[PDB]
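Below you will find one chain, with nothing else, as structure tokens; this is the form deposited in one PDB entry, and questions on how it binds or moves follow later.
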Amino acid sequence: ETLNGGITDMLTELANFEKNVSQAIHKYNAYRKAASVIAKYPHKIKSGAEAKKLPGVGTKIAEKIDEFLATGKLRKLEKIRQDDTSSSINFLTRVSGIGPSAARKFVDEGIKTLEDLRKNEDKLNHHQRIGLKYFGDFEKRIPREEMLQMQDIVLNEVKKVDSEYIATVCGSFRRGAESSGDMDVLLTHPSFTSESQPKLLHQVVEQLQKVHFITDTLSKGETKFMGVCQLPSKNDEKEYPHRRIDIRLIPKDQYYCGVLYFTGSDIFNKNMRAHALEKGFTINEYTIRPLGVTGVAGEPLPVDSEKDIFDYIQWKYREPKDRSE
């Protein structure tokens, strides 16, 4: 499918090992940055030396590319693939609510399969129970057609609670993707700003629960909701898969920093925020602030557009669709 697919799959596979098994989050980030920059690279890689010229590709990854180009495989990945404890820790992380730490603890106590998870539901917290319950469904992708139906429902139900709410579907959907992993809703309301909860998120969640769109809750606070949703199914047909849904209530005046973050992609955001540091700024979902001599953020800069944030760090403006891999 892809030009350097073998290379990027390998580096992605190695990344997952370092994150899930070794618990080295920055090694995982290094492999991702290496995979990302190679993916965009428009030439077919003929050697490890050619790859090392790209930023984020060093001596060790170059050698691994040489081994991959020569033999068509990696001995390190063979060793990891065949190791049972590694595979079990790597598998359990795919369940929503289980990360590297918990997965390891489960494997130590003889829990290595879905069978073992379902038989030992008592050992799992609420977040994890739901992730286990809809395991197969959360693995599936959401067609854009279904994302449009989900958008129609959420916007209509949000309007019915209050006409001054504005909901925006971000994520890969806003980047014009054919499919998505889940729905990401960015919410605002005039009553909530950075200068001044009133149950603003609750009322929207409650109304979406009331009409049976939202089926479960993984976690829920005043600004951030995290849970499960499902489209209405017709008569005599199989039900739609249960889908992950995130709703985030960001202050109305800080919408553009918010929508920038939640539009993505993830590696794009990491690069932008990393580039902001080198330019002497710091970016979060709320603001863009200048860094002091000791790395202390100053007062928020005036942001009106998404482009404004790009301008401060001398970046050519990329439309949502140009922020993918």
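By rigid core we mean the largest C-alpha set that fits within 1.5 Å across both forms. From 1 onward, residues are counted along the sequence shown.
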| query | finding |
| --- | --- |
| Missing from the model but present in the deposited sequence, between residue 196 and residue 197 | 1 to 3 |
| Stretch with the greater mean C-alpha B-factor as recorded in the entry, comparing 206-214 against 74-82 | 74-82 |
| Comparing 109-117 with 166-174, the one whose average Cα B-factor in the PDB entry is higher | 109-117 |
| Identity of residue with top Cα B-factor, from 245, 124, 249, 95 | 124 |
| Options 219, 233, 254, 188 - largest CA temperature factor per the record | 233 |
| Ranked C-alpha temperature factor of residue 285 among modelled chain residues, by third | lowest |
| Residue 276 CA temperature factor, ranked by third within the chain | middle |
| Chain thirds of CA B-factor: placement of residue 297 | highest |
| Third of chain Cα B-factors occupied by residue 8 | lowest |
| Residue 147 CA temperature factor, ranked by third within the chain | middle |
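There is another form of the same protein, the form deposited in another entry; it is not shown, and what comes next is about it.
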| item | value |
| --- | --- |
| CA of residue 273, rigid core aligned, shift of 2 Å or more between this form and the one not shown | yes |
| Large Cα shift (2 Å or above) at residue 14 between this form and the one not shown, core-fitted | no |
| Direction of Cα pair change residue 307-residue 167 in that other deposited form, magnitude 3 angstroms or more | closer |
| Shift in CA distance, residue 266 and residue 23, in that other deposited form relative to the form shown here, given it is 3 Å or more | farther |
